[PDB]
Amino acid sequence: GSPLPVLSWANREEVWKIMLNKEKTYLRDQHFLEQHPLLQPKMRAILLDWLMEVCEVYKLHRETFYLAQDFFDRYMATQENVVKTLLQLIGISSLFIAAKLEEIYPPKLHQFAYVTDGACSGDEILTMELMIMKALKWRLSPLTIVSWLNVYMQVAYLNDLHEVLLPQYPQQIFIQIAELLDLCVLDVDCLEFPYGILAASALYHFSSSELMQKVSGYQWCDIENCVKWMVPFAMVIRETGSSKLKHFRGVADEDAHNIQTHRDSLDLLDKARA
């Protein structure tokens, strides 16, 4: 089903169909690391968690991080045999491509090389970004996990005007659901479920199946497998509580929720196992 209201700029079922049909073009493999026998799933978590901290330092948007995450996972599905010393170059170059796509004034190249502690030069990043984009067939416009959460939050707070393009939702509850998704994305087994399913399952744990189905269009049976998989991650967030909305200098308060944050969730990921 389609949760979007009647759209004045296009057919509501047409816009939603295109968004759904796009996910058929972008493929994800939850076991792409089997193509790289020398790598381990925990290495992917450490890299993504490091990219989260890099985004918060330069105040990059959450969309920028999840773009780099999707670029990283899809590029690895096309490659074979990667050493751990090459992971940092692929990760920071994915963030470099993502920053230039999403940010109005992205950081310069040398800043991306600066955060690598000299392990990645500027020319290495420029070489890596071309190999990433060419291997991905220049398919660099996916619907990230956080993009779906942005859609689900707008539909949850729709009025009689049905204006779905003007953002209107509480920022504090948004960053709480994104906090759960930031943990689940560290586990490589999340790729088994589509990005739209993961975002809807995280919203369900902070609300209900009725609100989930109203704003996502997916029935409870579609996300039950994802919800049951997300079960350990949700309680670890519930045991420690939810974070507060932060303020960033130079960033307007009406956009502060869109800035990527990072708290030490390393031990939070291992508590979800078993």
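Basically, rigid core = biggest C-alpha set you can superpose within 1.5 Å across the two forms. All residue numbers refer to positions in the sequence shown, first residue = 1.
Engineer: After a rigid core fit, does 169-177 or 189-197 show more C-alpha displacement in 6 other deposited structures of this protein?
Structural biologist: Between the two stretches, 169-177 moves farther in 6 other deposited structures of this protein.
Engineer: Is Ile145 one of the residues left unmodelled in a third or more of the other entries compared?
Structural biologist: That residue is present in all of the other compared entries.
Engineer: With neighbours modelled on both sides, does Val164 go without coordinates in a third or more of the other PDB entries compared?
Structural biologist: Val164: unmodelled in a third or more of the comparison entries.
Engineer: Quick check on the record: does 114-122 or 127-135 carry the larger mean Cα temperature factor?
Structural biologist: Taking the mean C-alpha B-factor of 127-135 and of 114-122, the larger value falls to 114-122.
Engineer: Looking only at CA atoms, which has the higher mean B factor in the entry: 79-87 or 167-175?
Structural biologist: Averaged over C-alpha atoms, the B-factors run higher in 79-87.
Engineer: Checking the entry, which one of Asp73, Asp182, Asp160, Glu102 has the top C-alpha B factor?
Structural biologist: That would be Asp160.
Engineer: Considering only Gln213, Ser207, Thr64, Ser242, which residue's Cα atom bears the greatest B-factor as recorded?
Structural biologist: In the PDB entry, the greatest C-alpha B-factor among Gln213, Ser207, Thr64, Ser242 is found at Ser242.
Engineer: Can you tell me which third, lowest, middle or highest, the CA B-factor of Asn258 falls into for its chain?
Structural biologist: Ranked within chain, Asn258 CA B lands in the lowest tercile.
Engineer: Per the entry's values, where does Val231 land by CA temperature factor relative to the rest of its chain, in the lowest, middle or highest third?
Structural biologist: Its C-alpha B-factor, which the entry lists for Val231, ranks in the highest third among residues of this chain.
Engineer: Taking the entry's C-alpha B-factors for this chain, is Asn225 in the lowest, middle or highest third?
Structural biologist: Middle third.
Engineer: If you rank the chain by CA B-factor, which third does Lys24 end up in: lowest, middle or highest?
Structural biologist: Within its chain, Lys24 is a highest-third residue by C-alpha B-factor, going by the deposited values.
Engineer: Tell me, lowest, middle or highest third: where does the Cα B factor of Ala10 rank within its chain?
Structural biologist: Its C-alpha B-factor belongs to the middle third of this chain's values.
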